[PDB]
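**Q** Please see the structure below; I have some questions.
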Amino acid sequence: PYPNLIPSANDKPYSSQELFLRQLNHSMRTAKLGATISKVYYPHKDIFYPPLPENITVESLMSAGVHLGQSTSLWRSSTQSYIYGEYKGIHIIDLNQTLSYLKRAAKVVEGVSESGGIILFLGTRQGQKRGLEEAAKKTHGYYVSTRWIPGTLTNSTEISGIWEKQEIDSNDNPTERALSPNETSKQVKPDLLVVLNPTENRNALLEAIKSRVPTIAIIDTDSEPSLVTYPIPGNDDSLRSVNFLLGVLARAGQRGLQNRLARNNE
Amino acid sequence: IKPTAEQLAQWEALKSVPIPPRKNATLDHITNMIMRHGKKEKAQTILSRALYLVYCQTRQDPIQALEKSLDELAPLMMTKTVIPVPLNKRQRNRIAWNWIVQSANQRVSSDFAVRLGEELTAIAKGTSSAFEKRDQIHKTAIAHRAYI
Amino acid sequence: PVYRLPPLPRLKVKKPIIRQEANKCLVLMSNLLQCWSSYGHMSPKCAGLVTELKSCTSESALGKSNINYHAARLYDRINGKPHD
Amino acid sequence: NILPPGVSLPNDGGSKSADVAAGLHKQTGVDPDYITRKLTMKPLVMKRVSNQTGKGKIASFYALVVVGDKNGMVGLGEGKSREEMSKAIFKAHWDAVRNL
Amino acid sequence: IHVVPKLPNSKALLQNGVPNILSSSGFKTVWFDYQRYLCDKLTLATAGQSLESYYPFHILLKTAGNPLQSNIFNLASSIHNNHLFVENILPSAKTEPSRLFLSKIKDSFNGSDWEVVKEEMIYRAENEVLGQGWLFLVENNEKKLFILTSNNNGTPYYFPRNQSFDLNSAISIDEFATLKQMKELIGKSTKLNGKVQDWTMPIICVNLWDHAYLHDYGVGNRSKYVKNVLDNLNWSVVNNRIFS
Ligand SMILES: [Mg+2]
């Protein structure tokens, strides 16, 4: 439990570490006494307990702030059909269209994960690393959050060719087989690319277009809907909305992975 | 190692004291100014002998008298090309020492130590022409203050 | 009224001006010189100020603008150019 | 023998179509056999283009080629090479295969 | 929304309440009615604020040092203390006092055995706690137990808010000295909030509020209620609360 700890003698008072363990024991048992908190938003849960696509309501999407679009002065008129209206100097996104597009994109992610494809979560804004990493880990996928190197797809040999690759079974179990140099030097291309900030990742979208990689993205009021295969109308500048949508997609991918493993284990 | 009683007592007693100075900065700087050709000991002998005459004719600490003299004679600021500029301790000491050395060289003794010691004795008694030089420098600084 | 500049190649100040603080030694010297100008040289009145100078310059006689960087960094965000 | 751990000399280890097919399969996953067997290339434009520079005039070779399997797939590729025209044709073939 | 915690064996407690201390009607007053009352008041007080996200114990630890939200603190304190009280009187999660707790009482109370200490706690509750209050057996950082009493809603954790001295009446000069040293301890800290460290924890809690005993034991005879509480405690919880 807590090795390399030297308890104190009964005559002497508690030590700092003994006090820490005493307070930990208190916290895990009695600190939570008196009431149970209900109907309160805790940000971390948005990453760790995302809802299923079918359980999402318009109220839940509005609570996450998905509806809040860009300023009316920065409007991209090609996004007219996704807009419910304008309010307080900003455009409001139609959350029913958002719900439909999000369910469709979640089905796409679930199908791709169930087929064993490679899913890449690209988001390069400040505090998006946590959700991206968790989505990649629970979908058995991959993620980028520092910077998208241009040419990562169209120039894969000169960018990603040096990093190591791995053969795996139907159950995602390492086989530890030795790969030939030609096999190691092939391009490994994502089967699905999801972008949280498509406005700042035009290079990735264009590379996916050139390389025929279907792509999902959160299309804000100032973003181009036609640059992506499966747009999701929603707010991309709020971390809560981005994490909510990303958690939904990641849970869909996890469900697909679980279905794949269940079928392989029967 | 566990320090024994004497070692810890020594450590406490000493840490309760400051470190001694290696050298008196002012006296060392004056000596180096007297120095030529790397003959430090000759300069030290000359300076100590002059200070010894200063004591023998004044019977007060001659190191203190020398510093009173350098502090009072030396100009605080000087006009340069025309704006005044402040002077730090070493520059003031150098100017004062040069003024002292001229008046010393004006004296009669064949030994430079005797001339320097008697000049320092006269300065310690408030008798020197270098006060006029200091006054002129300060007057010029006052005249040209506007160009700071 | 508000004036909107065109899409510009850059947003940069030709000569950024920095607020260097005048040295304490210089102003103390100026005050001493004014003291000796009014009361007189080696006057009893302001002699105390001399002591300060004697300390302030004892060790040494005298004892940065990032506007262009931030402007270049932020210009693409704030210029308000039309979409494309 | 003193061979390094991995040699890479295909004749001493102890054309355009083949290299194009191999590099394309390595970089994009295209099938080499289809490229080598089914595709046919005809150079359309072949010229020399020059650039002035303070030290001197620099010459380069431009090639524009069209590839196709004659069954509904056609692609255009352009290649530049300062060294030789053959390398320009190679790059044009590469690009044309990429633009099918 | 702070909600009343669910209790084990809730149906049995509704039917009869805690055996040998409270009847069903009394247990309704002490827990089902009073805890709901306190939780609803805390929710009304703290809704739309940060404090809705924190548990009552973390609320009172946060709010102990600020004068103007004492009401919230009071509610939080009660909402904590009441539950603590309930947990030491629940029929079960016969439980016996542990060897470690007996050793600590013997060592902490100058060799006195546990039962005379129970009688001493009865005496303390009868004497100092005039009206509403809380009684605790608490351990300090020195592994020493002692008996603490709080007037109205007070907390054992933070000694500035112990509320162990009733200033409505007089105070002994020793109590005034204790108050002055306590205030000096508070003032010494360099923190802007003025917080101080106190590692005291409650091992035993008894509810001297009128909600607990008035319906079952009358205006008087509170010491009878305290004796009944102490005799028939749930010793599993009490033993767990101590750290070894
Ligand atoms: Mg945006």
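Numbers in chain C track Swiss-Prot; the residues on display, in order, are 6-68, 75-95.
Every residue gets a Cβ built from N, Cα and C, even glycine.
Straight out of Swiss-Prot:
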type     : residues        : note
DISULFID : C:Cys30-C:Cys61 : disulfide bond
DISULFID : C:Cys40-C:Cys51 : disulfide bond
MOTIF    : C:30-40         : motif 'Cx9C motif 1'
MOTIF    : C:51-61         : motif 'Cx9C motif 2'
**Q** Please work out the number of neighbouring Cβ atoms within 10 Å of the Cβ of C:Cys30 (disulfide bond), leaving out its own Cβ.
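**A** Other Cβ atoms within 10 Å of C:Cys30 (disulfide bond): 19.
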**Q** Mind sorting out which of the disulfide-bonded residues C:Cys30, C:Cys40, C:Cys51 are close to chain B, meaning Cβ under 8 Å from one of its Cβ atoms?
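**A** Sorted by position along the sequence, the hits are C:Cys30.
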**Q** Measure from the Cβ of C:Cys61 (disulfide bond) and count the other Cβ atoms within 10 Å, all protein chains considered.
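**A** Other Cβ atoms within 10 Å of C:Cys61 (disulfide bond): 19.
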**Q** For C:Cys51 (disulfide bond), write down the residues of its own chain that are at least 6 apart in sequence and whose Cβ falls under 8 Å from its Cβ; none is a fine answer.
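**A** Sequence-distant Cβ neighbours: C:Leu37, C:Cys40, C:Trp41, C:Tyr44.
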**Q** According to DSSP, folded down to helix, strand and coil, what is C:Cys61 (disulfide bond)?
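**A** Helix, per DSSP.
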**Q** Tell me the residue counts in helix, strand and coil for the motif 'Cx9C motif 1' (C:30-40), as DSSP assigns them.
**A** 11 helix, 0 strand, 0 coil
